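K.L.:
Supplied in structure tokens, the structure appears directly below.
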Amino acid sequence: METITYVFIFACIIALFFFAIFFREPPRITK
Amino acid sequence: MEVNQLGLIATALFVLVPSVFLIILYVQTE
Amino acid sequence: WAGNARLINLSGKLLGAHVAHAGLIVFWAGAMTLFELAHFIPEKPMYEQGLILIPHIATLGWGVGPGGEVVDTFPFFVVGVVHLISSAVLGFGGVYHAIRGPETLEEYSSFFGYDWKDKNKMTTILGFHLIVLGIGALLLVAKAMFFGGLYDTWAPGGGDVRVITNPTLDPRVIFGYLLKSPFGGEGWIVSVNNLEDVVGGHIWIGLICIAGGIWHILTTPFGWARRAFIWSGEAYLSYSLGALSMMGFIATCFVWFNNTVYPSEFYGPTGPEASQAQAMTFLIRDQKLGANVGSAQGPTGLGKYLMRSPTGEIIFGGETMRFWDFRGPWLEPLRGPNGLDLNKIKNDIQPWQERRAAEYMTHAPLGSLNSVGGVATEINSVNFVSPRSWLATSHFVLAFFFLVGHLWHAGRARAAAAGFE
Amino acid sequence: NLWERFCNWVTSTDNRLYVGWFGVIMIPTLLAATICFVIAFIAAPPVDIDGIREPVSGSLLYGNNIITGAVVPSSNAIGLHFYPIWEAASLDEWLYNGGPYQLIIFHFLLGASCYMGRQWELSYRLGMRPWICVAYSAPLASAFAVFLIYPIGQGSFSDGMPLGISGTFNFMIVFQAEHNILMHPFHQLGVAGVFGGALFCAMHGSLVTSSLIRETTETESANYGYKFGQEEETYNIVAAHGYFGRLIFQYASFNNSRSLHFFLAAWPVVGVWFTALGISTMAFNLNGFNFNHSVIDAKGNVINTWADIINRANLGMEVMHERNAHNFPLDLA
Amino acid sequence: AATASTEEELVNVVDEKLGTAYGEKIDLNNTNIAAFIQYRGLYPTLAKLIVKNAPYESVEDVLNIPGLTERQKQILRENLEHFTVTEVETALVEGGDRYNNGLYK
Amino acid sequence: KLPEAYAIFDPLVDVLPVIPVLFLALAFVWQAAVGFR
Amino acid sequence: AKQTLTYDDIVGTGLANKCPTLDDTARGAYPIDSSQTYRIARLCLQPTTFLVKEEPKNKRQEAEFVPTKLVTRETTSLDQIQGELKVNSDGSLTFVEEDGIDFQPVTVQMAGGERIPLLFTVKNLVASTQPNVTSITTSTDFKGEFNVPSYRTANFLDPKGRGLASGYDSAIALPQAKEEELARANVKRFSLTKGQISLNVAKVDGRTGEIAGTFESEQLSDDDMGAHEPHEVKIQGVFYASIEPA
Amino acid sequence: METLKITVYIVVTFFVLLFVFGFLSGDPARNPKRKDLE
Amino acid sequence: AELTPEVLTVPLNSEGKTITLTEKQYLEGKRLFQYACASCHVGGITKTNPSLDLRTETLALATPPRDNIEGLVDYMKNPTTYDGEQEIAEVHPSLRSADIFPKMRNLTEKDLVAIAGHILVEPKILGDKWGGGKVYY
Ligand code: CLA
Ligand code: CLA
Ligand code: CLA
Ligand code: CLA
Ligand code: CLA
Ligand code: CLA
Ligand code: CLA
Ligand code: CLA
Ligand SMILES: CC1=C(/C=C/C(C)=C/C=C/C(C)=C/C=C/C=C(C)/C=C/C=C(C)/C=C/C2=C(C)CCCC2(C)C)C(C)(C)CCC1
Ligand code: OEC
Ligand SMILES: [Fe+3]
């Protein structure tokens, strides 16, 4: 269990990747 | 092995509070 | 102050420069050879002073007896002088061609020496310089077979200068070295054990150089070659630039792990030599204290002196187990089928072998900037730094930066073709 | 015909990345490393680093916490040889002799190398200069130095550099106890490059932040950005160049933006350039300085110079590094 | 939760407990050769032999080693007084008792 | 020292081999005299 | 005798470990010339498999031997000895060795992954053959005993440094702790043990190459001077043996 | 496992021919954004 | 606290006569030691045979005695096992083995004496250190 917790917080840091890189807010020049 | 079980609760709340916190604010934003 | 970049297109000045720096390279050849035969003392391990070229000169077995420093002093003075004067012969040339006047408008000249972007002329100039290496290479061959030999460290007794006969000219053997794993002891070019391979391995180059020099002379590059490569002046540097880098590495690693080419007798002992040398030194020491080498059991259960290699042979134990691939003239006679013969060991071990072990083991390539010899912790009363560590060290450095150069100049050829100029 | 349709794909924008000829190797490579590596850290069995039969296990399942360690170096027996999977027998074996190490390393360097190429190639498809290719070259070169050159200079990948947090520390310690780095200019310039970057990355961003366009839609309740379309850019460089200049002296300050940003990429990169060399130079035993003795010829009484108490610590550690794996008196590698 | 029969047996270090018959004289059956160097001309050759003909039941029995020379005996006598004997200790002996012991340097 | 009869020149020979470096030096002085361009 | 297979050839696929072969000629012939003189010996030793018999459901077991997987690759084998062959007052042959080779192979037991390192011993060996000298290959016999020390030596220092002859005497990290339970580990113990091995000759030949046969030995595992009790072991393989005195 | 060794090499060289033949490529060659010379 | 005469007033022979060296010499001792020794005898400790040092006390127990100069000189010319039963000239530097230890070829009687002096004066200066390397170990 000391384990799953180091894993759990791991899967999130990769889940955050995907979601940050593929679901980010657009950088547009519409301005 | 021997670990202090309070760590879990500590380390889980660290993950949630500040996170929950920010989760509330990103919704009010939209 | 990109001064040297303003010269790019006025080939009339580059000749002035290329032949100016070409004058330094030779200058150093004399300034150092003479500086060495200067400080140089006879009968003291070449390498325990701090020399580099002489060792090269004795490599070619120019002046030496069975692993005996030098019987004839002179051979080095010749080299020291020649190159020191070739430095003026060219200093004159570089300077002149640099200052007296540019090129490309001399009609009969442009017929003998053309310019860039002209694949057929660049090609032609290239082949030329290829006909020159084809020769220098083959000259080395001459100096081993019909001339004052070359230094063979192998069989037998002392391996003084020996002349070679019928070099390994087999078509297979030569490129086999190219097709072999560059790992664990086996580095393609480094694996070169027999000195005869080395001679024959040079004969084929020259034939290949020459057969090529002429080839481009007569032929301009095909389509595929034209659409892959660019043709700017800067871009040809990027090609040549990165080529040299690889080699810096090449030779460096080539330096650390000796092939007869770098007889450890001048250069010193190999990083592994020292370790393996330390194992052997102690078998004897205890053997003299009546210790039985086969039944030894080190705190690990691996036997202090003897253990195996994954493929199952015998090798000196201890961290020096990672250098069982090591081979030299002293450790070999104990070698036999299945690894080291426990029976030649305790029975047939000559004394002159303990000497070499002790000497090498004693002059471990290990050193610091203060030239402090041995472990990082020793006292400053011993000066030494194996030439190899010097060559390996400095030369690594250049092979690196130089690569940084392959990136910088080749990435700038992409800015000429259309990018930023 | 098809062959042409494929290349066009690889070559331009794909709404996620750019995967040019360089990432044709980089993508499958760095994947094998990632996967292998993640799993090695969560379950790898113990591995005996130095040939000795004393396995070390730095994996999650086998009783470790994150800092405690990870993927351990190949055996010292296979040390310098090529250790693939096919080349061995059962994986129970492989797993013991450090296989994961080599496998992960080599793929990573190659794809690490290509990640660099990829950086340049994108420049060629976007008409911009080729510099970023060069600044990456510093750490990359360094990784190689630590993960390759050394084990290549030393005689075995074992003691390359463990893939754990903890072992990183070990590698460091053992390292300066064996080669004494602290007192080596290349690691000195290294601290210069780094402490440099810190002082500069703070300086720049600090000033760039102080000399902003004080009057652009910024009030005390809101703070919203700029976008290329914004001509004058964010700050009044005259205010910054004036500020810094008045803090020390005119010369001290930077006139234009090129000398500013060029400096930012010059200091760090050429610092690590050297350090990465530092290691590579001590990979073949050209260890740092060592002023072990200063005397009083009076009697010859040895006087200890601050540096000796450095050798006093370097000492204690030499003695116990790789306890019980030494059979002979002096280490030679 | 244990007893003295078990505990005591374990609470024993083979080497520690020898620290009584040992330390005052050289032990003739086990100590590494380098312990012989602290006496006049005893090292090189005798050391080699005393070690190889072990174990002995009485310090004096060294004299019986074969092939010895006249003087050899003479010197052993003068030093005999510095030797001692004790039962062979499994540890110290099955690991090159002569050189295993940290080469101090 | 094995130069025999030339003995006389250890000196110049000793400070000799450095010059290749000093070449770099003039280069910058050359520039100083030419205002750096 | 001389057809040289260079170390250059062998370093390739690992032949060292496999003992030399004796293929066709089956002439168990070797004389009583022993009664006439004496003989020495040089023996190669190699195995085919290892066996760990571990099982703890006490009172309900007859034979529990599981096969094993080699973690320490191509190591086992290596055993290059010298030994003298004597004739006793009753016509049997006895063996006594000189160099004493030994090895350290580790094996991973399927069931628990539980790795088991054994010290492969042959040290101090003693051998025997049944009745007479009139026959050899026909009726093959050779059996005797071992002496088995400990995988680790007095100098071996464990994770917290504490053994016999060196190493701390306690668990430093925990000063004010109970010494009782930790005793076990804070003190090292050296074990010397029982050895058992047997031989069977399947091919004897000519006048130079003399023996080759079925291996079979039984020793004890490593206990780590004070840890878990040793798991028993059984080893089987092949071997090579030459002889000649005159 | 010899089956594995083989499989690998195929894979590896496979993606090599894609690197090599991707550059020598008569089709894409050295096509940039600012100028195409064909 | 300077280098003194007493310091250099070293034993010359077994019986009881002594010679007091000079400044000039002492220094040549080092220079020579470092030249054909240090490498193997750094700081007065054998690298090849750690169980045998060059401390003064251990030299007196040799055969023949070696706590004085004449003994060392003899050793440098011809070697003697700690007991004096083997001729180790084919193993240890010796004026008699110049042909194998080229560093020896040049040496002279005056130099041996000085080298010997260096080895006997050192310990009075360094003390324990020169022995098994205290500061050094
Ligand atoms: C094959 C050889 C080679 C050649 C012919 C060139 C040629 C050129 N380079 Mg390139 N370069 C090379 C290798 C080469 N380079 C390598 C290996 C690298 C990687 C480090 C570079 C990196 C590089 C950069 C970063 C730049 C160039 C530039 C240029 C142009 C420069 C004109 C100039 O201003 O020089 C002026 C040169 C100097 C002031 C020399 C500084 C040298 C250092 C500081 C000396 C260190 C010595 C040290 C004191 C010794 C200590 C003693 C020792 C015993 C311990 C010229 C076309 C410039 C350009 O714009 O290109 C078009 C440019 O910006 N080059
Ligand atoms: C690798 C060495 C090197 C070389 C070969 C060159 C070469 C050159 N540089 Mg570059 N340069 C270098 C390094 C180098 N540079 C570096 C490191 C920098 C940065 C500091 C520069 C910065 C630079 C600038 C800023 C400029 C050049 C220019 C030039 C060209 C000048 C031509 C001339 O006639 O000058 C005039 C010549 C002299 C003043 C004479 C020097 C005489 C020498 C020292 C004599 C040596 C003695 C001789 C061997 C005696 C022979 C006797 C006989 C009997 C044997 C020339 C091709 C210029 C240019 O525009 O080129 C296109 C220019 O403006 N360079
Ligand atoms: C015709 C073919 C040709 C040949 C054979 C060479 C050969 C050479 N070039 Mg050149 N080059 C050529 C064409 C050629 N080049 C062209 C067309 C160009 C473009 C303009 C260049 C541009 C160029 C540059 C920019 C540089 C060179 C350099 C070099 C030298 C490199 C080192 C070497 O390999 O030494 C191996 C050595 C030899 C082959 C020895 C040759 C000497 C023998 C003994 C002949 C002596 C003959 C003498 C003339 C006799 C007359 C006596 C009189 C009393 C009658 C080499 C001598 C480099 C150099 O360092 O300059 C010198 C250099 O930087 N070359
Ligand atoms: C890298 C290797 C290298 C290379 C490739 C070259 C290459 C070259 N060298 Mg160089 N050289 C080198 C190294 C090298 N050199 C070195 C190391 C030195 C120093 C030893 C020299 C010294 C050197 C000299 C001294 C000369 C050359 C010349 C030449 C060119 C000769 C071509 C020819 O057909 O001449 C054949 C010669 C002729 C056709 C001469 C015609 C004479 C002129 C037109 C007379 C003008 C006078 C007229 C009466 C004036 C009227 C004025 C009115 C007011 C009264 C050629 C480009 C020559 C040159 O550039 O001159 C053309 C030259 O004179 N080189
Ligand atoms: C073809 C490659 C080649 C190779 C592998 C060698 C190798 C060797 N040479 Mg030889 N040599 C060569 C060509 C070569 N030489 C040529 C052409 C000449 C005439 C100029 C000589 C002249 C020569 C002499 C005079 C001497 C040697 C010596 C030696 C040994 C030196 C130790 C060393 O430091 O090597 C350094 C090795 C390298 C830097 C390897 C470079 C590896 C390859 C070739 C690079 C491939 C990349 C390149 C960019 C390819 C372009 C192709 C294009 C289609 C893209 C070594 C075995 C010494 C010795 O004692 O030997 C008897 C010696 O004294 N060589
Ligand atoms: C001086 C070095 C040299 C250089 C720079 C070149 C350069 C070139 N050659 Mg030439 N060549 C050389 C030497 C050289 N060659 C020699 C010595 C020979 C005789 C065998 C040839 C024979 C030759 C032929 C037959 C052809 C060329 C062609 C070409 C062009 C090919 C385009 C290309 O690179 O495609 C991409 C390149 C590759 C796929 C090859 C990468 C090879 C690696 C880097 C080197 C491997 C080297 C080897 C293993 C080392 C030797 C080790 C030693 C121990 C034995 C290019 C301009 C072509 C051409 O111009 O067409 C008309 C062509 O058809 N060359
Ligand atoms: C003097 C001869 C010599 C030379 C030149 C080399 C050279 C090299 N060694 Mg070797 N070595 C030698 C002797 C030598 N060694 C000896 C005697 C030993 C005995 C111990 C070793 C042991 C050794 C080890 C243990 C290792 C090396 C490694 C390396 C490489 C390091 C640079 C790199 O990262 O490349 C990266 C690759 C390139 C720049 C590719 C160049 C080839 C063409 C131009 C590109 C192909 C492109 C494509 C994307 C890649 C396909 C590659 C393929 C393997 C899948 C370099 C090629 C390291 C390595 O990475 O192994 C190969 C390594 O770990 N060497
Ligand atoms: C508080 C005072 C203090 C000071 C003054 C220093 C100073 C130094 N430390 Mg130390 N250090 C300290 C505390 C201190 N340290 C503490 C508390 C620790 C932790 C225990 C350390 C740990 C430490 C380590 C581990 C190391 C150092 C090192 C160094 C040297 C680093 C050089 C460097 O590049 O720095 C970074 C700073 C810069 C690159 C820039 C400084 C600014 C310069 C002077 C400006 C020059 C500009 C010029 C005047 C104007 C040009 C104008 C322009 C427009 C053209 C330096 C001498 C390193 C070393 O090499 O040791 C010898 C090293 O490895 N230090
Ligand atoms: C920086 C620069 C440059 C460059 C330069 C150069 C490149 C130079 C070179 C130079 C050179 C390349 C030189 C050479 C020289 C030489 C000399 C000067 C020599 C001398 C000699 C002598 C004197 C002799 C010796 C001897 C002998 C032989 C014998 C014995 C004795 C004696 C020792 C005496 C230029 C211009 C581009 C531009 C600007 C800058
Ligand atoms: Mn990993 O290590 Ca290069 O120092 Mn000595 O040898 Mn092995 O002991 Mn430590
Ligand atoms: Fe900025």
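By the numbers in Swiss-Prot, the shown part of chain C spans 24-444.
Method of determination (from the header): X-ray crystallography, 3.5 Å.
For all residues, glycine too, the Cβ spot is worked out from N, Cα and C.
So Swiss-Prot lists these for the protein:
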| type | residues | note |
| --- | --- | --- |
| BINDING | C:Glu355 | [CaMn4O5] cluster binding site |
| TOPO_DOM | C:72-111 | topological domain 'Lumenal' |
| TOPO_DOM | C:134-155 | topological domain 'Cytoplasmic' |
| TOPO_DOM | C:179-232 | topological domain 'Lumenal' |
| TOPO_DOM | C:254-268 | topological domain 'Cytoplasmic' |
| TOPO_DOM | C:290-424 | topological domain 'Lumenal' |
| TRANSMEM | C:49-71 | transmembrane segment |
| TRANSMEM | C:112-133 | transmembrane segment |
| TRANSMEM | C:156-178 | transmembrane segment |
| TRANSMEM | C:233-253 | transmembrane segment |
| TRANSMEM | C:269-289 | transmembrane segment |
K.L.:
For the transmembrane segment (C:233-253), which partner among C:49-71, C:156-178, C:269-289 gives the most CB pairs under 8 Å?
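P.N.:
Checked against C:49-71, C:156-178, C:269-289; highest Cβ contact count belongs to C:156-178.
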K.L.:
Could you pull out which residues elsewhere in the chain have a CB under 8 Å from any CB of the topological domain 'Cytoplasmic' (C:254-268), counting only those six or more residues past its ends?
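P.N.:
Sequence-distant neighbours of the topological domain 'Cytoplasmic' (C:254-268): 31-32, 139-140, 142, 145, 422-423, 425-426, 428-429, 432-433, 435-436, 439-440.
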K.L.:
Using Cβ atoms and a strict cutoff of less than 8 Å, what residues sit near the topological domain 'Cytoplasmic' (C:134-155) while being 6 or more residues removed from its termini?
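P.N.:
For the topological domain 'Cytoplasmic' (C:134-155), the far contacts come to 32, 34, 126-127, 232-233, 235-240, 242-244, 249, 254-256, 259.
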K.L.:
Measure the Cβ-based neighbour count of C:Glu355 ([CaMn4O5] cluster binding site), defined as the other Cβ atoms within 10 Å of its Cβ.
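P.N.:
Excluding its own Cβ, C:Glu355 ([CaMn4O5] cluster binding site) sees 12 Cβ atoms within 10 Å.
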K.L.:
Using Cβ atoms and a strict cutoff of less than 8 Å, what residues sit near the topological domain 'Lumenal' (C:72-111) while being 6 or more residues removed from its termini?
P.N.:
46-47, 49-50, 52-57, 59-60, 62-66, 163, 166, 171-176, 180-185, 284-286, 288-290, 408, 410, 413-414
K.L.:
Tally the residues of the topological domain 'Cytoplasmic' (C:254-268) by DSSP class, grouping H, G and I as helix, E and B as strand, and everything else as coil.
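P.N.:
Output for the topological domain 'Cytoplasmic' (C:254-268) reads 13 helix, 0 strand, 2 coil.
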